[PDB]
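What follows is one chain in structure tokens, specifically the form deposited in one PDB entry.
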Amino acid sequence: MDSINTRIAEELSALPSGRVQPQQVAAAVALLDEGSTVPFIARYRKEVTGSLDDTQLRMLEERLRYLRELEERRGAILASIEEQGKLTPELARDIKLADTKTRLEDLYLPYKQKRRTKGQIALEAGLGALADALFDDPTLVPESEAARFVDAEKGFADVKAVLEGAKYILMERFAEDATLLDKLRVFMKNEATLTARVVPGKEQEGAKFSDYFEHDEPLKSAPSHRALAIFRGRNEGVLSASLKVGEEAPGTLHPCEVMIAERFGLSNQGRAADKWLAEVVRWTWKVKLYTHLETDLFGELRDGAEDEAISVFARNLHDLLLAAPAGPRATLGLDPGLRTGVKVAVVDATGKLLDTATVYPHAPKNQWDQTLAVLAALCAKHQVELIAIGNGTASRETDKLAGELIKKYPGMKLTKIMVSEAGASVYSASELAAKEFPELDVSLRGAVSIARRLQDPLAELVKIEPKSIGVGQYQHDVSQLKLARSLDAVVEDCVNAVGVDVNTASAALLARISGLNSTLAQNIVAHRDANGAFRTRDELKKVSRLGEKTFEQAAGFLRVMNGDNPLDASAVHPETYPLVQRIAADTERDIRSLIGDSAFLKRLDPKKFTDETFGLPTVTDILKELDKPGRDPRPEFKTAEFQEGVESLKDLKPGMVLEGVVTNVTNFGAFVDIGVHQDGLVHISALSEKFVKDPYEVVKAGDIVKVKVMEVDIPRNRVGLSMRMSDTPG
């Protein structure tokens, strides 16, 4: 549908990647409809879409979802109205032009059915002529005009009852006026203020929201977190929320009452009906419109706060999944306890568990000396290189042990690294962990998780629910459905960016592979158990229910390392193997021979190789692959960092995290002593995450700042300290 493609194209063009054309969206949308995945399209269908990337494609996918809903509703509305012989070309036009669901619905209002409202009854009683007469002419006397309409248990037996009826006829009429609702909703957005009030009982039970007991704030500027916090005065709540335009001052007309009256030319000029009419305008507001608009503006606000919160969560998860893997190295995992002692685990370079243990170095059963020998024994025994420590309770305690173990057995060359322990607790309690380590009690299972997380964070984090990875501060306070959908997408993007070794991959990791799911993933692990390693990608076609289409979506992402085909270890799709063959032939060289030959590959002319299907993008990517096959997109893990006790400018590496003392602070920055007998200069704007007007304000000499090296320099004998989030060296 062109209108969707156009609109989506337009919305994407607002992304930094800039202008996107409707044909690209048309093209992408077609691929999605045929069940191609975002990773696939992004990676292997660049020529078709004009090289749309993941971000554009995920946004496309989301907008495509929403815009298809709108169009669905728009149709229904049109059909309904038209069935009621009421679809004027002017109406049909405004509906066509409607771009929000709110505009759609509030245009549909006069045609949404209900029965039996006060107004509907009054109408059947013939009170419409009265309503119209008073409205049409304010100089009339209501009671007088109303007399003729007393209707004898038609429901109306008093002039007062009659005028009640007529009032409702007008309220209901007024409260379904698209133009008025818009002008009101817009006005409210700009002027109304969100009002946070503790409920009766002055409950201290709302201590979490203590900051919102008397809080007022502009609607259009309410920040995501504070809003979402306020809404948490939800079902059985300690808070009340409302929009209030100006001061609660009786005897003054609400600005919206004025807009209502003005919308219907109801000026109060002391005429005979001017008072009843005023009362009508006021009842319309307080009984109909206000609530209608409060639900709109609250809902609109809530969504924005939700979507924004979730954007942040998804980013956080993205950075976690893609943290640098320490690599295929034997590791000692330690889960700090004090309570239940420390849980040890040893995993070889492949993540295989070699041994567990429970030492008690800490207070409740002091054994510092005993533990150190236990660990040194394990490290020596299993050639441990790395020591993974959970950042949980007694982590500080534990970290001391580690650093000391490393200094006392430098012959082992140990490096200690601190790991987030949050994900591991969820894992150890999972059913999955039980299947993996049944001969282990629960408390040892977190330690195995820790050590593995260090080796490859992606590989271990994937084993648990993405939410439980702990993506943000108060994630229970957004739509869980939208959160799940969003996090799933992040996991798909990160798994398929990194790609997966099909012979070592767990079922959980395979599940997130483009085109795969739980069943397929399980079938692959089972097949691998029954038959041994796949020796080529083409062997996957033998896995039950792994069809042609599935293969197409997955293959490029499923790697075979050290098989009979050198291309199975790369991001080169099988569909382009013949193409690669033409390149081998053309160069009179072997694929094995080509790999890593950067200067030759770079000399080649890609255009010599393209065709109708596989154009420049495909060929340029294949050549990059031939150079560095299945290159890992994640940051490089460096052992040179993390190593403490450095006492020479030489041994400083740009990108370490030290703990120095501020020697001096100046009008232009601060000088720090990291213990290399030379101060680093943390510049003025390097002092703060925020803005720095005055360094003396932010820091003081003697303060133990946690600084991070950026630009070390041996010849000039200097070290550049940054002490900031940016972390972007020269």
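Residue numbers here begin at 1 and follow the sequence given. Note that the rigid core is defined as the largest set of C-alphas that superpose within 1.5 Å between two forms.
- Comparing the deposited coordinates for 111-119 and 365-373, the stretch with the larger average C-alpha B-factor is 365-373.
- Mean CA B-factor, 207-215 versus 511-519: the higher value falls on 207-215.
- Among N316, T639, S468, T618, the highest C-alpha B-factor recorded in the PDB entry belongs to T639.
- Of the candidates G50, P695, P39, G35, the deposited coordinates give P695 the top C-alpha B factor.
- Placement of the Cα temperature factor of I714 within the chain: highest third of the modelled residues, per the deposited record.
- In this PDB entry, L15 carries a Cα temperature factor that places it within the middle third of its chain's modelled residues.
- Residue-level temperature factors show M1 in the middle third of its chain, judged at the C-alpha atom.
- Per-chain ranking of the deposited C-alpha B factor places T295 in the lowest third.
- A222 sits in the highest third of its chain by CA B factor, as recorded in the PDB entry.
The form deposited in another entry exists for this protein as well; it is not shown, and the discussion that follows is about that form.
- In the core-aligned comparison between this form and the one not shown, the C-alpha of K352 is the only one from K352, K549, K114, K96 that shifts by 2 Å or more.
- Core-superposed comparison between this form and the one not shown: the Cα of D137 travels 2 Å or more.
- The two forms, fitted on the rigid core, differ between this form and the one not shown by 2 Å or more at the CA of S685.
- Remark: with the core as the superposition reference, the CA shift of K700 between this form and the one not shown reaches 2 Å or more.
- In the other form, the CA atoms of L321 and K708 come closer by at least 3 angstroms compared with the shown structure.
- In comparison with the shown form, the Cα-Cα distance of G532 and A345 increases by at least 3 angstroms in the other form.
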